[PDB]
Amino acid sequence: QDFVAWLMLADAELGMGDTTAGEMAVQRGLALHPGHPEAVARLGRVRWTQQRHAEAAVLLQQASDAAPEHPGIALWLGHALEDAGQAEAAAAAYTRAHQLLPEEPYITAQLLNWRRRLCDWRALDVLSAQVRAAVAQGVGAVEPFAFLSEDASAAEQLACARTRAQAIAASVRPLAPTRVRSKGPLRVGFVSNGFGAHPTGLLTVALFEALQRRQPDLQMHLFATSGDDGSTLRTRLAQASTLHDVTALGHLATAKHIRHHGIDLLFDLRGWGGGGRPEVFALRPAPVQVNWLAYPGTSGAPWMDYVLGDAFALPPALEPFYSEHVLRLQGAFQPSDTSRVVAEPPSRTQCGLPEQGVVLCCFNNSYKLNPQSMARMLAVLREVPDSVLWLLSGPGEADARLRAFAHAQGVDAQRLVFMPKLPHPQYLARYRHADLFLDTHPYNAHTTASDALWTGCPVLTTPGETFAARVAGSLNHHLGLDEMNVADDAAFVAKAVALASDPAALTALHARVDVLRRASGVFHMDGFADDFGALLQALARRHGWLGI
Ligand SMILES: CC(=O)N[C@H]1[C@@H](O)[C@H](O)[C@@H](CO)O[C@@H]1SP(=O)(O)OP(=O)(O)OC[C@H]1O[C@@H](n2ccc(=O)[nH]c2=O)[C@H](O)[C@@H]1O
């Protein structure tokens with residue numbers, strides 16, 4: 001009935017879902033102390049869960065100014081500003097929070113991830129080390145998907161995944177166990193928040209179309225954790241399966257809904273990313289659970305039975321670093337939308353390129369563009385006189401930093417061209433102007449590598465020692481382009497330099513990409529469906545399914 005109780009009751013009704021049970025309380029905190037950093041910040045915090053981000057930043061910014069020593073606040077300010085699309089000021093707040101809590105791993109991880117996204121490489125080495133050590137000591141505050149950006153072995157990655165999983169598993173009682181059906185068509189489920197204009201939808205669409213057509217004994221179920229975005233993918237995907245909208249259903253309710261349909265094999269296409277909902281899988285709604293295609297590494301999770309990769313991106317040499325039993329498709333692990341008619345792009349000038357000159361490009365998100373990957377790309381521009389680096393536009397002053405670094409490396413900043421965000425059909429068209437795609441290490445082009453190749457642009461890569469660092473390589477290998485996989489950085493530059501400065505050889509290579517594009521099984525979704533569908537049937541029998 002008075003007073004820190006007030007703000008208290010707000011702190012866990014709110015992050016327990018029920019927010020106006022919550023609201024009613026802060027507003028009464030304000031009742032006792034009118035505008036008080038600890039209270040203010042909290043109004044602020046409702047707004048945020050209430051999706052009213054814009055209001056939040058202003059409130060939080062007032063509190064912060066009155067309490068520039070308060071790190072709880074600094075963190076909430078950052079969250080807000082971030083979700084109010086103020087990238088650079090969001091990192092500012094995260095920085096101050098870190099100043100104020102050096103040992104707090106959660107905060108260190110946050111700031112490392114946010115800095116990579118802005119290519120702010122200040123003290124990166126230290127930050128990276130810290131974050132890895134936090135994984136190492138099993139206090140992994142570290143979010144596994146962000147963790148993919150660090151130069152960590154498959155061992156550390158497994159450590160980081162199993163840490164998080166085990167925390168989730170402890171906080172949760174599974175559903176009563178069940179078993180794969182003996183008789184009758186196989187119910188195969190896929191959960192994701194990518195069923196629309198997102199990588200996941202974009203890679204699986206033509207696959208599921210093919211499955212509907214070719215594997216009529218497999219009953220496909222898609223469990224959409226995101227609403228309809230009005231894209232052709234969402235429609236196409238809803239056309240090729242039974243698509244359940246489970247958006248804004250609780251973890252529990254979703255599992256219960258998955259169970260209600262008797263799914264036999266449930267694929268997680270989420271994965272440890274945003275919009276995840278791992279706690280959904282922890283409830284074991286299905287008797288056999290599989291990790292595939294969405295998160296490029298191990299789940300760590302004991303609720304995860306299998307992982308699906310391929311002989312290249314998940315070689316036997318890597319098997320021990322996955323908690324799942326490993327399964328493999330007959331070619332690349334990644335499917336793609338081979339219905340895509342690549343449009344003609346607007347001319348070079350309209351795309352902001354010069355007319356003459358070799359155009360190298362890399363369209364990965366900013367967090368993949370790390371010191372090592374950039375240096376090596378710029379290393380190519382130096383030796384090739386004419387040439388040009390085409391990149392995606394990133395948030396905040398990321399582009400500015402890259403320019404400054406380019407100059408810091410001894411390259412005219414005018415030589416990097418920044419494509420803004422374009423809807424898929426128009427973006428994809430931009431590849432016809434690119435001469436060579438320059439991959440990133442340790443976090444490869446995934447979907448984009450596939451995009452690039454589909455339009456006929458070759459991808460140069462350095463297959464590393466983890467799954468995420470071998471995705472570009474798996475495509476090149478399964479395409480038959482083994483000379484696009486090079487041993488190391490020096491070989492990369494050497495190879496790309498040789499290519500760029502020899503237009504003759506370069507054109508031969510585009511030509512060769514084309515043949516393989518249509519010849520190999522990598523881009524032959526019918527074949528992919530057959531393989532996939534057959535692997536599913538076997539897996540089920542190995543669990544008790546008696547077909548028919
Ligand atoms: C950054 C982040 O936390 N999440 C996401 C992602 O979840 C999100 O849905 C996506 C926006 O749809 O941005 C990030 S891509 P990720 O790193 O996760 O994987 P990627 O293979 O990099 O995916 C490249 C995607 O962008 C497409 N893309 C890109 C640029 C453009 O201008 N147009 C476009 O369609 C490209 O065709 C492909 O569809």
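For ligands, and for the atoms within them, numbers begin at 1 and follow the listed sequence. Just so you know, these numbers use all the heavy atoms, side chains as well, and skip hydrogens, waters and symmetry mates. Along the sequence shown, residues carry numbers from 1.
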A.B. asks: Between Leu428 and ligand 1, which part of the residue brings a heavy atom under 4.0 Å of the ligand: side chain, backbone, both or neither?
C.D. replies: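 It is neither part, as no heavy atom is under 4.0 Å.
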A.B. asks: Are more than 12 heavy atoms from other residues, nucleotides or ligands located less than 6.0 Å from atom CD of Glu143?
C.D. replies: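 Yes, CD of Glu143 has more than 12 neighbouring heavy atoms, counting only those of other groups under 6.0 Å.
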A.B. asks: Salt bridge between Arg234 and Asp245, side-chain N to carboxylate O under 4.0 Å?
C.D. replies: yes
A.B. asks: Which residue supplies the protein heavy atom nearest to atom 12 (O) of ligand 1, what is that atom called, and how far is it?
C.D. replies: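 Sorting protein heavy atoms by distance from atom 12 (O) of ligand 1 puts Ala197 O, 3.6 Å first.
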A.B. asks: Quick check: closest heavy atoms across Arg270 and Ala294, and the distance to 0.1 Å?
C.D. replies: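 It is N-CB, 3.4 Å.
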A.B. asks: Taking the six-membered ring for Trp and the single ring otherwise, decide whether the centroids of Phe208 and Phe267 are under 6.0 Å apart.
C.D. replies: no
A.B. asks: Could you tell me which atoms of ligand 1, counted from 1 in the order shown, lie closer than 4.0 angstrom to a heavy atom of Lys421?
C.D. replies: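 Once the distances to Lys421 are compared, the set is 32 (O).
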A.B. asks: Around atom 15 (S) of ligand 1, find the nearest protein heavy atom and jot down its residue, atom name and distance.
C.D. replies: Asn365 ND2, 3.0 Å
A.B. asks: Any salt bridge between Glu156 and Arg132, counting N to O under 4.0 Å?
C.D. replies: yes
A.B. asks: At what distance is the nearest protein heavy atom to atom 39 (O) of ligand 1, and which residue and atom is it?
C.D. replies: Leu202 CD2, 3.0 Å
A.B. asks: Would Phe363 and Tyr431 satisfy ring-ring contact (aromatic ring centres under 6.0 Å, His included), going step by step from the backbone distance to the final call?
C.D. replies: CA-CA 10 Å; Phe363 288 154; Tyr431 282 114; 5.2 Å; yes
A.B. asks: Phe523 vs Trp454 aromatic rings, parallel, tilted or perpendicular, using cut-offs 30° and 60°?
C.D. replies: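 Rings of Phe523 and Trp454: tilted, as their planes differ by 30° to 60°.
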A.B. asks: Indicate the ring-plane relationship of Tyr443 and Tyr367, choosing parallel, tilted or perpendicular according to the 30° and 60° boundaries.
C.D. replies: tilted
A.B. asks: Less than 3.5 Å between some nitrogen or oxygen of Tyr443 and one of ligand 1, yes or no?
C.D. replies: no
A.B. asks: Can you establish whether the number of heavy atoms outside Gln414 located under 6.0 Å from its atom CD is more than 12?
C.D. replies: no
A.B. asks: Which residue supplies the protein heavy atom nearest to atom 9 (O) of ligand 1, what is that atom called, and how far is it?
C.D. replies: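 In this structure, atom 9 (O) of ligand 1 has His198 ND1, 3.0 Å as its nearest protein heavy atom.
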A.B. asks: If we set the cut-off at 4.0 Å for heavy atoms, which region of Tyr367 has an atom near ligand 1: side chain, backbone, both, or neither?
C.D. replies: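 Side chain only.
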A.B. asks: Atom 27 (C) of ligand 1: which protein heavy atom is closest, and how many Å away?
C.D. replies: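 Looking only at protein heavy atoms, the one closest to atom 27 (C) of ligand 1 is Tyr427 CE2, 4.4 Å.
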A.B. asks: Polar-atom distance check: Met419 versus ligand 1, any N or O pair below 3.5 Å?
C.D. replies: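 N/O-N/O distance under 3.5 Å: no.
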A.B. asks: With a heavy-atom distance limit of 4.0 Å, tell me whether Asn364 approaches ligand 1 through its side chain, its backbone, both, or neither.
C.D. replies: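 Neither part.
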A.B. asks: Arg117 heavy atoms, cut-off 4.0 Å: which ligand 1 atoms fall inside?
C.D. replies: 1 (C), 3 (O)
A.B. asks: Just need the protein heavy atom nearest to atom 23 (O) of ligand 1, so name the residue and atom and give the distance.
C.D. replies: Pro199 CG, 3.4 Å
A.B. asks: Among protein heavy atoms, which sits nearest to atom 38 (C) of ligand 1, and what does the distance come to when rounded to 0.1 Å?
C.D. replies: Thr447 CG2, 3.3 Å
A.B. asks: Heavy-atom contacts with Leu422 under 4.0 Å: which atoms of ligand 1 show up? List them by number with element.
C.D. replies: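 Going through ligand 1 atom by atom, the ones under 4.0 Å from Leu422 are 31 (C), 32 (O), 33 (N), 34 (C), 35 (O).
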A.B. asks: So which protein heavy atom does atom 37 (O) of ligand 1 come closest to, and at what separation?
C.D. replies: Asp451 OD2, 3.0 Å
A.B. asks: Have a look at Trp121 and tell me which of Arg116, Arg401, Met374, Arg115 forms a side-chain contact (heavy atoms from CB on, under 4.5 Å) with it.
C.D. replies: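 Running side-chain contact (heavy atoms from CB on, under 4.5 Å) over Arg116, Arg401, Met374, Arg115 with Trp121 returns exactly one hit, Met374.
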A.B. asks: With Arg376, which of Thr462, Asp488, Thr440 fulfils side-chain hydrogen bond (donor to acceptor under 3.5 Å, both in side chains)?
C.D. replies: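 Only match with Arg376 under side-chain hydrogen bond (donor to acceptor under 3.5 Å, both in side chains): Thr462.
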A.B. asks: Considering the heavy atoms of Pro420, write down every atom of ligand 1 situated less than 4.0 Å from one of them.
C.D. replies: 32 (O)
A.B. asks: Does the protein place any heavy atom closer than 4.0 Å to atom 30 (C) of ligand 1?
C.D. replies: yes
